[PDB]
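Starting off, we have a lone chain in the form deposited in one PDB entry, written out as structure tokens.
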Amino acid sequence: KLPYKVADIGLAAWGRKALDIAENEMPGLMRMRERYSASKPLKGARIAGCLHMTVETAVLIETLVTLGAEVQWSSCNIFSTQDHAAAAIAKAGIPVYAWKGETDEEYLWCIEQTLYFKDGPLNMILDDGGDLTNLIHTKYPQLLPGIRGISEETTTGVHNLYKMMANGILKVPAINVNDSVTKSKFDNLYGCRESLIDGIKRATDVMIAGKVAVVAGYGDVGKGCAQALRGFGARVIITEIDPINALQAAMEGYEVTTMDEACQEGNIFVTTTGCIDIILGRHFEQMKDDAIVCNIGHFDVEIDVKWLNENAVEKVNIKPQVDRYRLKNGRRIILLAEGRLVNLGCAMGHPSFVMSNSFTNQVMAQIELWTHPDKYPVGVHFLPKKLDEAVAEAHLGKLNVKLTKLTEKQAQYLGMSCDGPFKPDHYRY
């Protein structure tokens, strides 16, 4: 068996430098190390993880080991791996099987390499997407009884765990950190607020101010995109199907209309609905010349890119992930990342600090399941709020934020603990 398997393990030094720079932007993970490198709460844990092997992820991996756990890793996407990051981890003596440009077979193979450790099979699952979880349940059920828990941080993964639980397939308790506030806020709102303009600029260097940016959807992703754009002097127009979300947009002074109407006025189009058929041929045919069109929501189903390919009389590539289509009416459309996520194809994805919040959630989930099995029956569970609060608290230091502490008299008055949780479950923040 291979001790690891990466593109080029000689990229380790480069990777190490990147990690040392990333560590400063990932205080939540570092705070965990500072608090648990001694008590080692993950001692005895054999964590098989399936998550984009990136620099940020590497910091997550080394955080787990510092907490006393045995860790074997694989990416959860065949292109997400940053080889110098994978090398660094491999070089550190941690079994990592990942590299940019894997084939479906290799991808599957990589996840299988992480199943058995030096002294036995995994006993913990840290997933992102559910692949690792499905592989075990479908192909290696013999290992389920030996697995103490599963932590999942994606919508897909959680949706999948629910179907499994609904079908009596799930055999391991799973903690969903996708819906924790610290995870969702950063992964959806803040993360995208930081990268949208970044992806659009690197792709076109266009001036934002003075332009009409139509943002389909006003959820967390949409909210952050709208906020970012507004911050640059763009007149943001929102489209929405949810009356509640629409009202929120209206209360911020954003015009809320339909795509069918806005397509005639927007200079920049951003989709964040997570729904199909947002921008279509009839919308394209109405757009102003050189209207920039991009998606930051769901994979590539929001924009009808196929229509552009089948109807444009021209298709000129300006630069990677930036294409300029000319339409039969003579107007050109500038499509980014080929209809895929603009912040991935035209930028570097989420900032490290954002990833720190998501991963510090994975760590919390891992510690919670590993040390409190007795508390979790097979099924999908939300991350305890006190743990979600612990994540945010772990990031306050870096922000040099002085958190106030309730006096015993105040806690009694409020009917809560000095250490929380400070909010009821239904609280929306």
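Just count from 1 along the sequence shown to find any residue number.
Across the two stretches, 254-262 and 169-177, the PDB entry reports the greater mean Cα temperature factor for 169-177. Stretch comparison (47-55 versus 369-377) by mean CA B-factor in the PDB entry places 369-377 on top. In the PDB entry, the Cα temperature factor peaks, among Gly210, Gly199, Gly101, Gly222, at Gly101. Per the deposited record, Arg331 carries the highest C-alpha B-factor of all listed residues (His350, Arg193, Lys319, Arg331).
Annotation for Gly217: C-alpha temperature factor in the lowest third relative to the rest of the modelled chain, per the entry. The entry lists a Cα temperature factor for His426 that places it in the middle third of the chain's modelled residues.
Sort the modelled residues of the chain by CA B factor and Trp73 lands in the middle third. Per the PDB record, residue ranking by Cα B-factor puts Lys163 in the highest third of the chain. When the modelled residues of the chain are ordered by their C-alpha B factor, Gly297 lands in the highest third.
There is another form of this protein, the form deposited in another entry, and it is not shown here; the text below is about that form.
In the other entry, the Cα atoms of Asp128 and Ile276 sit 3 Å or more nearer to each other than they do here. In the other entry, the CA atoms of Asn295 and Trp99 draw together by 3 angstroms or more relative to this form.
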